[PDB]
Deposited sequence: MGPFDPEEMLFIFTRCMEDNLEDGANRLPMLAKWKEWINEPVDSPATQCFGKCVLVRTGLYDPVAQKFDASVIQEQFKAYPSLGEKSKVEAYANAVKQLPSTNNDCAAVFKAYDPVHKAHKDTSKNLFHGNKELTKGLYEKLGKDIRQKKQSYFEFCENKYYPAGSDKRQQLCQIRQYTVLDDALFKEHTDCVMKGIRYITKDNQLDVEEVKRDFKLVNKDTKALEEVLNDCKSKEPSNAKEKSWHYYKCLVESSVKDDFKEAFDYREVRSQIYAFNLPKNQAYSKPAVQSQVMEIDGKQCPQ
């Protein structure tokens, strides 16, 4: 869960928008409002479910407890003291703490939170990487250590572990062709990628629904995928930091390898622009069937 860096928030915001924007006439108007932290129209199921989505993904609404949880606010402020004034952060947390228990449906959650949203908008916006001026400064500070806006997540990880100008860079020739290397560096790199596309959670758990989501987006059935993942899970290593590499290796070597490569390739494309599908859903077309930094691969 929390605290969340700017990329983690951008992932949450864009996924929740992608999953909840209407199709059709209201899509761009809605997007225009939500992008500016205007949770309107309030009577629209799309807006209500978008709001609940963000609240659930951040942990501000806990659908198991059917309660709001101000803890993430305190965790967020602890991580980013520059993004809040203590008294205003406390006021916001207190507003959340004092919300009643609330049923786990979009309308109820949205209705309950909306008064807090409006009364604490700038506090919440600033704290949760919604302020373009503040976030720009953070991205600049973090530089190569975080995935930047409009940057392929795969490129981010490659640049960290196989940096240009190093003797390791050449290994991308094989890595990009789904060669599964065995060394500690590759296991770490693969952890970077698998966590970056959310196939593996922050606490090293397989997220089967995320993998399935990417198969559906390339028109592939998910039953055989689930069966393969079930088999892979039965052979999970005890060491949590090898779990990303385990599942990557297992998938690449499995009876769904070609569908997996297709899904993973398209995910890399979409990872380049988190808002990929926001202005309108894009239809997938399989790219037609090597160089690294313009240099030809052996």
Unmodelled intervals of the deposited chain, in order: 290-293, 303
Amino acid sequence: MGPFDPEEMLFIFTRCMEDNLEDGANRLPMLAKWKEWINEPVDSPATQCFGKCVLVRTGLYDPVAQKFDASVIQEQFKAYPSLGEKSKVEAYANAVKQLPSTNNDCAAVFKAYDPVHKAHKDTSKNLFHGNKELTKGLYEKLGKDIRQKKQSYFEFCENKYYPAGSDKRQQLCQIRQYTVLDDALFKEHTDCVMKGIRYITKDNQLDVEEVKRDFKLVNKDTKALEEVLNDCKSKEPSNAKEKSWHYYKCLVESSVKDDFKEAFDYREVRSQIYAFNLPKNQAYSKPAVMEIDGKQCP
From here on, numbers count along this sequence of modelled residues.
14-22 versus 276-284 - which carries the larger mean C-alpha B factor in the record: 276-284
Segment of higher mean CA temperature factor, 267-275 or 23-31: 23-31
Most elevated Cα B-factor in the entry, residues 145, 155, 214, 140: 140
Compare the CA B factors listed in the entry for 46, 229, 54, 38 and report the winner. 38
Entry-reported Cα temperature factor of residue 241, expressed as the chain third it lands in: highest
Name the third of the chain's ranked CA B-factors that contains residue 234, choosing lowest, middle or highest. highest
Would you please rank residue 76 by its C-alpha temperature factor against the other modelled residues of its chain and give the third it falls in: lowest, middle or highest? middle
Please say which third, lowest, middle or highest, residue 172 falls into when its CA temperature factor is compared across its chain. lowest
Grab the CA temperature factor for residue 120 from the record and place it in the lowest, middle or highest third of its chain. middle
